[PDB]
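Chemist: Structure file work_27.cif, mmCIF, C-alpha atoms and all ligand atoms, is pasted below:
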data_coords
loop_
_atom_site.label_atom_id
_atom_site.label_comp_id
_atom_site.auth_asym_id
_atom_site.auth_seq_id
_atom_site.Cartn_x
_atom_site.Cartn_y
_atom_site.Cartn_z
CA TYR A 1 -200.91 115.97 -35.75
CA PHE A 2 -197.55 114.28 -35.18
CA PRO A 3 -193.99 115.49 -35.83
CA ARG A 4 -191.41 113.85 -38.07
CA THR A 5 -187.83 114.59 -37.03
CA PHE A 6 -184.49 114.39 -38.83
CA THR A 7 -181.08 112.99 -37.92
CA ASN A 8 -179.80 116.27 -36.44
CA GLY A 9 -183.03 117.11 -34.61
CA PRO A 10 -186.66 118.16 -34.95
CA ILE A 11 -185.89 120.63 -37.76
CA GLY A 12 -183.61 119.56 -40.60
CA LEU A 13 -180.48 121.59 -41.32
CA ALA A 14 -178.79 119.48 -44.00
CA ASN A 15 -179.59 122.07 -46.69
CA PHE A 16 -179.41 125.16 -44.47
CA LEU A 17 -177.46 128.21 -45.62
CA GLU A 18 -175.60 129.89 -42.78
CA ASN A 19 -176.69 133.40 -41.80
CA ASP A 20 -174.12 136.21 -41.65
CA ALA A 21 -175.64 137.75 -38.50
CA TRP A 22 -177.18 134.83 -36.58
CA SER A 23 -176.23 131.31 -35.51
CA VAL A 24 -178.67 128.43 -35.06
CA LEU A 25 -177.87 126.92 -31.66
CA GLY A 26 -180.54 124.21 -31.81
CA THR A 27 -184.14 123.28 -32.47
CA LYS A 28 -186.98 121.77 -30.43
CA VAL A 29 -190.42 120.29 -31.09
CA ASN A 30 -193.27 119.75 -28.63
CA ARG A 31 -196.66 118.09 -29.19
CA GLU A 32 -199.37 119.37 -26.84
CA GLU A 33 -203.14 118.94 -26.64
CA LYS A 34 -205.14 122.06 -25.79
CA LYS A 35 -208.73 122.91 -24.94
CA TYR A 36 -210.40 126.06 -26.24
CA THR A 37 -213.68 127.60 -25.13
CA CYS A 38 -215.04 127.56 -28.69
CA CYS A 39 -214.99 123.76 -28.99
CA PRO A 40 -215.84 120.92 -26.57
CA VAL A 41 -212.98 118.76 -27.90
CA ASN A 42 -209.23 119.29 -27.70
CA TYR A 43 -206.90 120.48 -30.46
CA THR A 44 -203.47 119.06 -31.24
CA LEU A 45 -200.69 121.63 -31.71
CA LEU A 46 -197.07 121.26 -32.80
CA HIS A 47 -194.55 123.72 -31.36
CA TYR A 48 -191.26 124.25 -33.22
CA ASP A 49 -188.58 126.30 -31.46
CA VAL A 50 -185.46 127.74 -33.08
CA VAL A 51 -182.67 129.12 -30.89
CA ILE A 52 -180.54 131.72 -32.69
CA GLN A 53 -177.57 133.64 -31.27
CA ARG A 54 -176.39 136.97 -32.66
CA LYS A 55 -172.85 137.43 -33.95
CA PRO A 56 -171.73 140.53 -32.04
CA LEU A 57 -168.59 141.73 -33.86
CA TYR A 58 -170.54 143.83 -36.36
CA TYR A 59 -172.54 145.69 -33.71
CA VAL A 60 -169.61 146.17 -31.32
CA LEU A 61 -167.54 147.80 -34.06
CA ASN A 62 -170.34 149.97 -35.45
CA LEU A 63 -172.14 151.03 -32.25
CA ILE A 64 -169.56 150.97 -29.42
CA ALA A 65 -166.12 151.64 -30.91
CA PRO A 66 -166.88 155.11 -32.39
CA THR A 67 -168.46 156.35 -29.15
CA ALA A 68 -165.64 155.13 -26.90
CA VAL A 69 -162.93 156.86 -28.95
CA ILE A 70 -164.73 160.22 -28.90
CA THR A 71 -165.43 159.96 -25.17
CA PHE A 72 -161.81 159.12 -24.36
CA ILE A 73 -160.43 162.03 -26.41
CA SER A 74 -162.85 164.55 -24.88
CA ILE A 75 -161.81 163.50 -21.37
CA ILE A 76 -158.21 164.54 -22.08
CA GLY A 77 -159.40 167.90 -23.38
CA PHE A 78 -161.38 168.57 -20.20
CA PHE A 79 -158.44 168.22 -17.80
CA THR A 80 -155.50 169.51 -19.85
CA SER A 81 -154.00 173.00 -19.88
CA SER A 82 -151.00 174.64 -21.52
CA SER A 83 -149.92 176.51 -18.37
CA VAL A 84 -150.31 176.48 -14.60
CA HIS A 85 -150.41 180.22 -13.84
CA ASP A 86 -152.88 181.36 -16.53
CA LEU A 87 -156.66 181.64 -16.49
CA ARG A 88 -158.37 178.65 -18.06
CA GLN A 89 -160.90 178.66 -20.89
CA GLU A 90 -164.38 177.28 -20.25
CA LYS A 91 -164.98 173.74 -21.52
CA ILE A 92 -168.77 174.08 -21.81
CA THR A 93 -168.62 174.38 -25.61
CA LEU A 94 -166.50 171.22 -25.78
CA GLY A 95 -168.99 169.34 -23.62
CA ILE A 96 -172.05 170.56 -25.51
CA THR A 97 -170.66 169.52 -28.90
CA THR A 98 -169.77 166.06 -27.60
CA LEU A 99 -173.15 165.71 -25.89
CA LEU A 100 -175.08 166.69 -29.01
CA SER A 101 -173.27 164.18 -31.22
CA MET A 102 -174.03 161.32 -28.82
CA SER A 103 -177.71 162.28 -28.97
CA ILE A 104 -177.68 161.81 -32.75
CA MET A 105 -176.01 158.42 -32.35
CA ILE A 106 -178.67 157.42 -29.82
CA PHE A 107 -181.45 158.39 -32.24
CA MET A 108 -179.73 156.51 -35.07
CA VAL A 109 -179.30 153.36 -32.98
CA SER A 110 -182.81 153.63 -31.51
CA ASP A 111 -184.27 153.19 -35.01
CA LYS A 112 -182.83 149.65 -35.08
CA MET A 113 -184.60 148.35 -31.96
CA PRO A 114 -188.13 147.23 -30.99
CA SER A 115 -188.85 150.36 -28.90
CA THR A 116 -190.03 148.35 -25.90
CA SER A 117 -190.23 149.53 -22.29
CA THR A 118 -189.80 146.09 -20.70
CA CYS A 119 -186.00 146.02 -20.36
CA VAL A 120 -182.91 148.22 -20.49
CA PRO A 121 -180.39 146.69 -22.93
CA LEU A 122 -176.70 146.23 -22.24
CA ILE A 123 -175.83 148.91 -24.80
CA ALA A 124 -178.18 151.34 -23.05
CA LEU A 125 -176.05 151.12 -19.91
CA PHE A 126 -172.92 151.77 -21.99
CA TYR A 127 -174.38 154.95 -23.49
CA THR A 128 -175.64 156.13 -20.10
CA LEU A 129 -172.13 155.89 -18.65
CA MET A 130 -170.63 157.78 -21.60
CA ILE A 131 -173.19 160.57 -21.20
CA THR A 132 -172.63 160.71 -17.43
CA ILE A 133 -168.84 160.91 -17.78
CA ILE A 134 -169.03 163.73 -20.32
CA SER A 135 -171.74 165.66 -18.46
CA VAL A 136 -170.18 165.18 -15.02
CA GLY A 137 -166.73 165.81 -16.48
CA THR A 138 -167.93 169.17 -17.81
CA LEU A 139 -168.99 170.18 -14.29
CA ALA A 140 -165.70 168.95 -12.82
CA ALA A 141 -163.74 171.06 -15.32
CA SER A 142 -165.80 174.12 -14.37
CA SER A 143 -165.06 173.50 -10.68
CA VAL A 144 -161.34 173.77 -11.46
CA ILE A 145 -161.97 177.29 -12.78
CA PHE A 146 -163.98 178.00 -9.63
CA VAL A 147 -161.08 177.00 -7.36
CA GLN A 148 -158.55 179.09 -9.28
CA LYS A 149 -160.85 182.13 -9.05
CA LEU A 150 -160.52 182.08 -5.24
CA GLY A 151 -157.07 183.65 -5.53
CA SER A 152 -158.41 186.92 -6.92
CA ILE A 153 -161.43 187.18 -4.61
CA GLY A 154 -159.70 188.41 -1.48
CA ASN A 155 -156.38 187.07 -0.34
CA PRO A 156 -157.29 184.31 2.11
CA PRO A 157 -154.68 181.72 1.13
CA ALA A 158 -155.18 178.00 1.43
CA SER A 159 -154.88 177.03 5.10
CA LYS A 160 -154.71 173.22 5.35
CA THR A 161 -155.05 172.38 1.65
CA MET A 162 -151.41 173.29 1.04
CA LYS A 163 -149.98 170.34 2.97
CA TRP A 164 -152.45 167.90 1.39
CA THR A 165 -151.77 169.46 -2.02
CA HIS A 166 -148.01 169.04 -1.68
CA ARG A 167 -148.13 165.37 -0.66
CA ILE A 168 -150.52 164.41 -3.46
CA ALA A 169 -148.43 166.44 -5.91
CA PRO A 170 -145.68 163.81 -6.43
CA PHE A 171 -148.01 160.81 -6.77
CA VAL A 172 -149.86 162.47 -9.65
CA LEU A 173 -146.82 163.34 -11.74
CA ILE A 174 -146.97 167.13 -11.46
CA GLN A 175 -144.21 169.41 -10.18
CA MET A 176 -144.18 172.98 -8.95
CA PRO A 177 -143.32 175.76 -11.43
CA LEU A 178 -140.21 177.87 -11.01
CA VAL A 179 -142.03 181.11 -10.18
CA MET A 180 -143.88 179.49 -7.27
CA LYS A 181 -140.57 178.22 -5.90
CA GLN A 182 -139.10 181.71 -6.27
CA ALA A 183 -142.11 183.24 -4.50
CA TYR A 184 -141.76 180.75 -1.64
CA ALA A 185 -138.09 181.64 -1.17
CA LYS A 186 -138.84 185.37 -1.36
CA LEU B 1 -167.22 157.24 -50.20
CA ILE B 2 -163.42 157.65 -50.18
CA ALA B 3 -162.56 160.98 -51.80
CA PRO B 4 -164.49 163.24 -49.37
CA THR B 5 -163.00 161.51 -46.33
CA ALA B 6 -159.41 161.71 -47.57
CA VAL B 7 -159.61 165.46 -48.24
CA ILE B 8 -160.93 166.22 -44.74
CA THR B 9 -158.34 163.95 -43.12
CA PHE B 10 -155.46 165.56 -45.02
CA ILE B 11 -156.56 169.11 -44.16
CA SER B 12 -157.01 168.29 -40.47
CA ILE B 13 -153.49 166.85 -40.28
CA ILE B 14 -151.98 170.18 -41.32
CA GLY B 15 -154.01 172.00 -38.67
CA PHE B 16 -152.72 169.68 -35.95
CA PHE B 17 -149.03 170.43 -36.50
CA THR B 18 -148.99 174.06 -37.64
CA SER B 19 -148.43 177.15 -35.49
CA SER B 20 -148.17 180.87 -36.20
CA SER B 21 -145.20 181.37 -33.84
CA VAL B 22 -142.42 179.45 -32.12
CA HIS B 23 -142.23 181.28 -28.77
CA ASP B 24 -145.94 181.47 -27.89
CA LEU B 25 -148.19 179.07 -26.02
CA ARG B 26 -150.18 176.80 -28.30
CA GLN B 27 -153.95 176.33 -28.40
CA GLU B 28 -155.35 172.87 -27.73
CA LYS B 29 -156.42 170.94 -30.83
CA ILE B 30 -158.96 168.74 -29.01
CA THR B 31 -161.92 170.67 -30.44
CA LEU B 32 -160.52 170.30 -33.96
CA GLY B 33 -160.10 166.55 -33.47
CA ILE B 34 -163.54 166.05 -31.93
CA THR B 35 -165.33 167.83 -34.78
CA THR B 36 -163.44 165.78 -37.37
CA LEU B 37 -164.05 162.55 -35.44
CA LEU B 38 -167.78 163.20 -35.08
CA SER B 39 -168.22 163.86 -38.81
CA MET B 40 -166.54 160.60 -39.81
CA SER B 41 -168.92 158.77 -37.48
CA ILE B 42 -171.90 160.14 -39.42
CA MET B 43 -170.16 159.13 -42.65
CA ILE B 44 -169.72 155.61 -41.26
CA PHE B 45 -173.39 155.35 -40.29
CA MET B 46 -174.45 156.59 -43.72
CA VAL B 47 -172.23 154.08 -45.53
CA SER B 48 -173.20 151.27 -43.15
CA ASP B 49 -176.82 151.53 -44.34
CA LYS B 50 -175.70 150.45 -47.83
CA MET B 51 -174.16 147.14 -46.73
CA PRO B 52 -175.39 143.67 -45.71
CA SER B 53 -174.48 144.14 -42.02
CA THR B 54 -172.58 140.84 -41.88
CA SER B 55 -169.95 139.81 -39.34
CA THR B 56 -168.03 137.30 -41.47
CA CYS B 57 -165.53 139.67 -43.10
CA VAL B 58 -164.01 143.14 -42.79
CA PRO B 59 -164.26 144.97 -46.15
CA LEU B 60 -161.47 146.88 -47.85
CA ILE B 61 -163.25 150.17 -47.15
CA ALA B 62 -163.50 149.31 -43.45
CA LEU B 63 -159.70 149.24 -43.21
CA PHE B 64 -159.53 152.62 -44.95
CA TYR B 65 -161.90 154.21 -42.43
CA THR B 66 -160.04 152.61 -39.51
CA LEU B 67 -156.77 154.17 -40.66
CA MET B 68 -158.38 157.59 -41.08
CA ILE B 69 -159.88 157.38 -37.58
CA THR B 70 -156.58 156.23 -36.06
CA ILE B 71 -154.59 159.04 -37.68
CA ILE B 72 -156.99 161.71 -36.43
CA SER B 73 -157.29 160.25 -32.93
CA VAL B 74 -153.59 159.47 -32.55
CA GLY B 75 -152.73 162.76 -34.23
CA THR B 76 -154.81 164.61 -31.63
CA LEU B 77 -152.79 162.99 -28.84
CA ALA B 78 -149.51 163.78 -30.60
CA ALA B 79 -150.49 167.46 -30.84
CA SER B 80 -151.25 167.50 -27.11
CA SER B 81 -147.82 166.03 -26.35
CA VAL B 82 -146.24 169.01 -28.12
CA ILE B 83 -147.99 171.29 -25.62
CA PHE B 84 -146.76 169.00 -22.84
CA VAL B 85 -143.13 169.36 -23.96
CA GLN B 86 -143.33 173.15 -24.22
CA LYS B 87 -144.81 173.33 -20.70
CA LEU B 88 -141.59 171.87 -19.27
CA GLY B 89 -139.88 175.25 -19.66
CA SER B 90 -142.08 176.90 -17.03
CA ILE B 91 -142.04 173.99 -14.57
CA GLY B 92 -138.65 174.57 -12.99
CA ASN B 93 -135.65 175.50 -15.05
CA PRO B 94 -133.99 172.17 -15.85
CA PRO B 95 -132.94 172.79 -19.46
CA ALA B 96 -132.68 170.08 -22.07
CA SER B 97 -129.49 168.12 -21.42
CA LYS B 98 -128.84 165.79 -24.38
CA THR B 99 -131.93 166.60 -26.46
CA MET B 100 -130.38 169.89 -27.56
CA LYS B 101 -127.62 168.33 -29.65
CA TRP B 102 -130.08 165.92 -31.30
CA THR B 103 -132.61 168.72 -31.79
CA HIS B 104 -130.03 170.87 -33.58
CA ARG B 105 -128.98 168.13 -36.01
CA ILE B 106 -132.55 167.20 -36.97
CA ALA B 107 -133.45 170.88 -37.27
CA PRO B 108 -131.96 171.38 -40.78
CA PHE B 109 -133.36 168.16 -42.27
CA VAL B 110 -136.91 169.18 -41.36
CA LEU B 111 -136.85 172.66 -42.85
CA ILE B 112 -137.06 174.71 -39.66
CA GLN B 113 -134.59 177.37 -38.51
CA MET B 114 -133.91 179.08 -35.20
CA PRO B 115 -135.68 182.37 -34.41
CA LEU B 116 -133.63 185.52 -33.94
CA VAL B 117 -134.45 185.90 -30.24
CA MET B 118 -133.14 182.41 -29.50
CA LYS B 119 -129.91 183.22 -31.35
CA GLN B 120 -129.57 186.46 -29.38
CA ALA B 121 -130.05 184.62 -26.08
CA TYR B 122 -127.32 182.12 -26.98
CA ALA B 123 -124.85 184.92 -27.70
CA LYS B 124 -125.81 186.70 -24.47
CA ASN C 1 -136.23 182.77 -19.98
CA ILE C 2 -133.49 180.97 -21.88
CA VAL C 3 -134.76 177.70 -20.40
CA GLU C 4 -138.19 178.52 -21.82
CA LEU C 5 -136.65 179.24 -25.23
CA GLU C 6 -134.82 175.90 -25.31
CA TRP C 7 -137.99 173.94 -24.52
CA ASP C 8 -139.86 176.02 -27.10
CA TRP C 9 -137.24 174.98 -29.66
CA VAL C 10 -137.61 171.29 -28.82
CA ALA C 11 -141.39 171.45 -29.20
CA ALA C 12 -141.08 173.35 -32.49
CA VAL C 13 -138.77 170.71 -33.98
CA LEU C 14 -140.85 167.83 -32.60
CA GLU C 15 -144.11 169.05 -34.13
CA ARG C 16 -142.31 169.49 -37.45
CA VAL C 17 -141.33 165.81 -37.22
CA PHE C 18 -144.96 164.91 -36.49
CA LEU C 19 -146.13 166.79 -39.58
CA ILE C 20 -143.80 164.81 -41.86
CA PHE C 21 -144.52 161.46 -40.19
CA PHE C 22 -148.31 161.79 -40.34
CA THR C 23 -148.24 163.04 -43.94
CA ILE C 24 -146.51 159.90 -45.23
CA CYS C 25 -148.72 157.64 -43.12
CA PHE C 26 -151.77 159.26 -44.72
CA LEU C 27 -150.39 158.92 -48.25
CA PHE C 28 -149.51 155.24 -47.83
CA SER C 29 -152.89 154.49 -46.22
CA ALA C 30 -155.16 156.24 -48.72
CA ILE C 31 -153.08 155.41 -51.80
CA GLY C 32 -151.97 151.96 -50.66
CA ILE C 33 -155.44 150.61 -49.87
CA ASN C 34 -156.95 151.88 -53.13
CA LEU C 35 -154.00 150.78 -55.27
CA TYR C 36 -154.16 147.31 -53.72
CA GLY C 37 -157.90 147.16 -54.33
CA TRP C 38 -157.53 148.26 -57.94
CA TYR C 39 -154.86 145.59 -58.43
CA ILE C 40 -157.25 142.87 -57.24
CA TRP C 41 -160.03 144.32 -59.40
CA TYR C 42 -157.77 144.57 -62.46
CA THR C 43 -156.54 140.97 -62.28
CA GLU C 44 -160.07 139.58 -61.97
CA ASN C 45 -161.55 140.93 -65.21
CA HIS C 46 -158.36 140.92 -67.27
CA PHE C 47 -157.09 137.43 -66.37
CA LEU C 48 -159.69 135.54 -64.30
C1 LIG D 1 -180.45 153.15 -28.10
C2 LIG D 1 -181.54 153.05 -27.03
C3 LIG D 1 -181.02 151.79 -26.33
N1 LIG D 1 -180.63 150.86 -25.82
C4 LIG D 1 -182.92 152.49 -27.38
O1 LIG D 1 -183.78 152.56 -26.27
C5 LIG D 1 -184.26 151.36 -25.70
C6 LIG D 1 -184.56 150.26 -26.49
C7 LIG D 1 -185.04 149.10 -25.91
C8 LIG D 1 -185.36 147.89 -26.79
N2 LIG D 1 -185.59 146.99 -27.43
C9 LIG D 1 -185.24 149.03 -24.55
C10 LIG D 1 -184.96 150.12 -23.76
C11 LIG D 1 -184.47 151.29 -24.33
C12 LIG D 1 -184.16 152.48 -23.44
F1 LIG D 1 -184.77 153.59 -23.94
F2 LIG D 1 -184.64 152.24 -22.19
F3 LIG D 1 -182.82 152.68 -23.37
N3 LIG D 1 -181.53 153.97 -26.17
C13 LIG D 1 -180.33 154.37 -25.44
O2 LIG D 1 -179.29 153.84 -25.63
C14 LIG D 1 -180.44 155.50 -24.42
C15 LIG D 1 -179.54 155.59 -23.38
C16 LIG D 1 -179.65 156.62 -22.46
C17 LIG D 1 -180.66 157.56 -22.60
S1 LIG D 1 -180.82 158.93 -21.41
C18 LIG D 1 -179.30 159.91 -21.39
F4 LIG D 1 -179.58 161.17 -20.94
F5 LIG D 1 -178.79 159.99 -22.65
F6 LIG D 1 -178.40 159.32 -20.56
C19 LIG D 1 -181.55 157.47 -23.65
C20 LIG D 1 -181.44 156.44 -24.56
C1 LIG D 2 -169.01 151.07 -43.14
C2 LIG D 2 -168.81 149.82 -42.28
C3 LIG D 2 -167.83 149.09 -43.21
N1 LIG D 2 -167.11 148.55 -43.89
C4 LIG D 2 -169.88 148.72 -42.27
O1 LIG D 2 -169.52 147.69 -41.38
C5 LIG D 2 -169.25 146.40 -41.88
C6 LIG D 2 -169.95 145.88 -42.96
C7 LIG D 2 -169.67 144.61 -43.44
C8 LIG D 2 -170.45 144.06 -44.63
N2 LIG D 2 -171.02 143.65 -45.51
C9 LIG D 2 -168.69 143.85 -42.83
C10 LIG D 2 -167.99 144.35 -41.76
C11 LIG D 2 -168.27 145.62 -41.28
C12 LIG D 2 -167.48 146.15 -40.09
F1 LIG D 2 -168.34 146.75 -39.22
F2 LIG D 2 -166.86 145.11 -39.47
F3 LIG D 2 -166.55 147.05 -40.51
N3 LIG D 2 -168.22 150.00 -41.19
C13 LIG D 2 -166.95 150.71 -41.08
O2 LIG D 2 -166.41 151.16 -42.03
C14 LIG D 2 -166.32 150.88 -39.70
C15 LIG D 2 -164.96 151.12 -39.57
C16 LIG D 2 -164.40 151.27 -38.31
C17 LIG D 2 -165.21 151.18 -37.19
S1 LIG D 2 -164.50 151.38 -35.53
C18 LIG D 2 -163.59 152.94 -35.42
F4 LIG D 2 -163.51 153.33 -34.12
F5 LIG D 2 -164.24 153.89 -36.15
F6 LIG D 2 -162.33 152.75 -35.92
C19 LIG D 2 -166.56 150.94 -37.32
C20 LIG D 2 -167.12 150.79 -38.58
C1 LIG D 3 -207.52 117.59 -23.37
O1 LIG D 3 -206.68 118.62 -22.85
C2 LIG D 3 -206.58 118.64 -21.41
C3 LIG D 3 -205.72 119.83 -21.06
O2 LIG D 3 -205.67 120.03 -19.65
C4 LIG D 3 -206.01 117.32 -20.91
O3 LIG D 3 -205.98 117.34 -19.49
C5 LIG D 3 -205.00 116.39 -19.02
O4 LIG D 3 -205.64 115.21 -18.52
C6 LIG D 3 -204.72 114.21 -18.08
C7 LIG D 3 -205.54 113.00 -17.69
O5 LIG D 3 -206.17 112.41 -18.82
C8 LIG D 3 -203.88 114.75 -16.93
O6 LIG D 3 -202.92 113.77 -16.54
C9 LIG D 3 -203.17 116.03 -17.35
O7 LIG D 3 -202.51 116.60 -16.23
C10 LIG D 3 -204.18 117.04 -17.91
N1 LIG D 3 -203.50 118.22 -18.40
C11 LIG D 3 -202.84 119.07 -17.60
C12 LIG D 3 -202.20 120.25 -18.27
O8 LIG D 3 -202.77 118.90 -16.39
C13 LIG D 3 -206.87 116.17 -21.41
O9 LIG D 3 -206.29 114.92 -21.03
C14 LIG D 3 -207.00 116.22 -22.92
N2 LIG D 3 -207.84 115.14 -23.41
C15 LIG D 3 -209.13 114.95 -23.08
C16 LIG D 3 -209.72 115.96 -22.14
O10 LIG D 3 -209.78 114.02 -23.53
#
So that I can check it, write out the structure of this file as structure tokens.
Ligand SMILES: C[C@](C#N)(COc1cc(C#N)ccc1C(F)(F)F)NC(=O)c1ccc(SC(F)(F)F)cc1
Ligand SMILES: C[C@](C#N)(COc1cc(C#N)ccc1C(F)(F)F)NC(=O)c1ccc(SC(F)(F)F)cc1
Ligand SMILES: *[C@@H]1O[C@H](CO)[C@@H](O[C@@H]2O[C@H](CO)[C@@H](O)[C@H](O)[C@H]2NC(C)=O)[C@H](O)[C@H]1NC(C)=O
Modeler:
Amino acid sequence: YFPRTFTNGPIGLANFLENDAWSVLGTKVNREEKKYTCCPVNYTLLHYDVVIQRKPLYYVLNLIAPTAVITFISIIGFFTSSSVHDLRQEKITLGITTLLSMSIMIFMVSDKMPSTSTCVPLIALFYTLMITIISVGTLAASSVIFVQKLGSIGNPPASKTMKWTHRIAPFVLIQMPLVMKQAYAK
Amino acid sequence: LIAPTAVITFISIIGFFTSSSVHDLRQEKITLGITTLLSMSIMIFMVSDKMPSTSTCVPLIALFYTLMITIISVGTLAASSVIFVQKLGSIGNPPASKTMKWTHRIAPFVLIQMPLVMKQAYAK
Amino acid sequence: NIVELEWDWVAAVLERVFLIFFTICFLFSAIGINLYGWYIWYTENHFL
């Protein structure tokens, strides 16, 4: 067996119809002689290689954009409150609903892939970070409620946190409420 | 594919910018936005299974869904900025300086009128 | 408490402005996209 190549390369592309999802980067052909245990004589094999590159815009829009928007919005909900001197509501329900939707998206996307264990795709790392931010963000929001609850349990006030808290206060654009200023003067 | 999404988007808009009182703290609308956003994602996945999955063009329906998503997501942030503005009353007592003349002129055009308690405070 | 009332008033007017702004944006987006699409569809069969 011998190969017959074209002007553009081993595989002709003069009549090729472009694919909407893949690009043909190039083609290769190799002629190799091989021995097999079933026969005392060699065999002649022709190897044709096609290199194809995916067009990513479709998958970025459909698999990454929707998840990023939801994750960004939920972050604001975790660390936002309507008042400074009022008890906060638990954000566990907000985290659970966001977490459960991402699980459905993972199952939907997982149906489009080989289901191999050899590698961890790039998109898998993106989803893992989104899950970690939401799950860890839920615990961080609950720790804010924990710190506020220390005021009721006894009256040991903050000892050294108050100087650190005041210096950080201007850099993160938050200012003291009027009642706290009145209490300090009193 | 279009009618069900428009009805949900329109209803959610009213919920973002409606309140039962003027002088009470507002509830966050993040949960309302998240639930609406997550449903549209399922709708997008369902519709996406009926299409070639090409990358050459952006269909007419894709632009419609993008606008619906943007309105809900940007509308959720606009509703949170209303809570931010109201919270300025508690943080110190710097009152509005020049906003109050502009706020009074716009007030009649958008059909909203002052509550009685606010009018009583002004007279006091 | 008057300072709180004044900032309550500003927020009440502002969210009323948001309601009007986002209602027109929705109407022009839903109606505009579909009306444009129908226009393209109508000219194809009827003239081309
Ligand atoms: C969508 C999917 C992808 N990619 C599919 O899976 C794979 C597919 C292929 C192929 N070929 C190779 C490896 C994997 C896996 F499974 F190694 F990722 N899976 C995820 O994206 C994912 C992410 C985090 C979590 S664990 C959490 F708790 F959610 F963080 C679970 C699933
Ligand atoms: C339903 C679907 C359509 N049309 C299918 O996709 C496509 C299909 C074809 C074909 N043939 C060509 C292009 C696209 C894409 F993907 F370019 F649009 N996709 C959407 O409608 C969409 C909208 C916004 C977002 S991103 C958000 F954050 F939601 F705004 C993601 C998906
Ligand atoms: C049959 O196939 C074998 C595959 O190994 C060929 O072995 C090559 O022999 C040449 C010398 O004739 C060496 O220069 C190459 O290095 C060998 N191959 C490799 C991979 O090293 C063999 O030549 C072929 N033809 C026969 C055996 O008649």
Chemist: Can you check which residues of chain C have any atom within 12 Å of chain A? Use all atoms listed in the file and format it as a PDB file with C-alpha atoms, keeping the file's coordinate frame.
Modeler:
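Written file, iface07.pdb:
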ATOM      1  CA  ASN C   1    -136.230 182.770 -19.980  1.00  0.00           C
ATOM      2  CA  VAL C   3    -134.760 177.700 -20.400  1.00  0.00           C
ATOM      3  CA  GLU C   4    -138.190 178.520 -21.820  1.00  0.00           C
TER       4      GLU C   4
END
Chemist: Quick one: residues within 10 Å of residue 11 of chain C, all atoms listed in the file, excluding same-chain residues fewer than 2 positions away - as a ChimeraX atom specification?
Modeler: /B:22-23,81-88,103 /C:5-9,13-17
Chemist: Residues of the last selection are to be written out with C-alpha atoms, as a compact mmCIF listing (two decimals), in the coordinates of the input.
Modeler:
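Output contents, as saved in part-v6.txt:
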# COMPACT_ATOMS: atom_id res chain seq x y z
CA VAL B 22 -142.42 179.45 -32.12
CA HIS B 23 -142.23 181.28 -28.77
CA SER B 81 -147.82 166.03 -26.35
CA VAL B 82 -146.24 169.01 -28.12
CA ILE B 83 -147.99 171.29 -25.62
CA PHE B 84 -146.76 169.00 -22.84
CA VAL B 85 -143.13 169.36 -23.96
CA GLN B 86 -143.33 173.15 -24.22
CA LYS B 87 -144.81 173.33 -20.70
CA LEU B 88 -141.59 171.87 -19.27
CA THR B 103 -132.61 168.72 -31.79
CA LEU C 5 -136.65 179.24 -25.23
CA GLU C 6 -134.82 175.90 -25.31
CA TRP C 7 -137.99 173.94 -24.52
CA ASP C 8 -139.86 176.02 -27.10
CA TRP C 9 -137.24 174.98 -29.66
CA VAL C 13 -138.77 170.71 -33.98
CA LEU C 14 -140.85 167.83 -32.60
CA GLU C 15 -144.11 169.05 -34.13
CA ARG C 16 -142.31 169.49 -37.45
CA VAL C 17 -141.33 165.81 -37.22
Chemist: Which one is closest to ligand LIG 2 (chain D): B:14, B:1, B:96, B:47? Count only C-alpha atoms and all ligand atoms.
Modeler: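 Counting only C-alpha atoms and all ligand atoms, the residue closest to ligand LIG 2 (chain D) is B:47.
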Chemist: Could you list, as a ChimeraX atom specification, all residues that come within 9 Å of ligand LIG 1 (chain D)? Count only C-alpha atoms and all ligand atoms.
Modeler: /A:99,102-103,105-132
Chemist: Any residue with an atom at most 12 Å from ligand LIG 3 (chain D) counts, using only C-alpha atoms and all ligand atoms. Which are they? Put them as JSON, numbers by chain.
Modeler: {"A": [31, 32, 33, 34, 35, 36, 37, 39, 40, 41, 42, 43, 44, 45]}
Chemist: Next, the residues of the selection above should be written as a PDB file, keeping the file's coordinate frame with C-alpha atoms.
Modeler:
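Writing done, so here's out.pdb:
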ATOM      1  CA  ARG A  31    -196.660 118.090 -29.190  1.00  0.00           C
ATOM      2  CA  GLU A  32    -199.370 119.370 -26.840  1.00  0.00           C
ATOM      3  CA  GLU A  33    -203.140 118.940 -26.640  1.00  0.00           C
ATOM      4  CA  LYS A  34    -205.140 122.060 -25.790  1.00  0.00           C
ATOM      5  CA  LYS A  35    -208.730 122.910 -24.940  1.00  0.00           C
ATOM      6  CA  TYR A  36    -210.400 126.060 -26.240  1.00  0.00           C
ATOM      7  CA  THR A  37    -213.680 127.600 -25.130  1.00  0.00           C
ATOM      8  CA  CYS A  39    -214.990 123.760 -28.990  1.00  0.00           C
ATOM      9  CA  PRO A  40    -215.840 120.920 -26.570  1.00  0.00           C
ATOM     10  CA  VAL A  41    -212.980 118.760 -27.900  1.00  0.00           C
ATOM     11  CA  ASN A  42    -209.230 119.290 -27.700  1.00  0.00           C
ATOM     12  CA  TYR A  43    -206.900 120.480 -30.460  1.00  0.00           C
ATOM     13  CA  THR A  44    -203.470 119.060 -31.240  1.00  0.00           C
ATOM     14  CA  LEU A  45    -200.690 121.630 -31.710  1.00  0.00           C
TER      15      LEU A  45
END
Chemist: Please identify every polymer residue within 6 Å of ligand LIG 2 (chain D), using all atoms listed in the file, and present the set as a PyMOL selection string.
Modeler: (chain A and resi 58+61-62+65-66) or (chain B and resi 44+47-48+51-55+57-59+61-62+65-66+69)
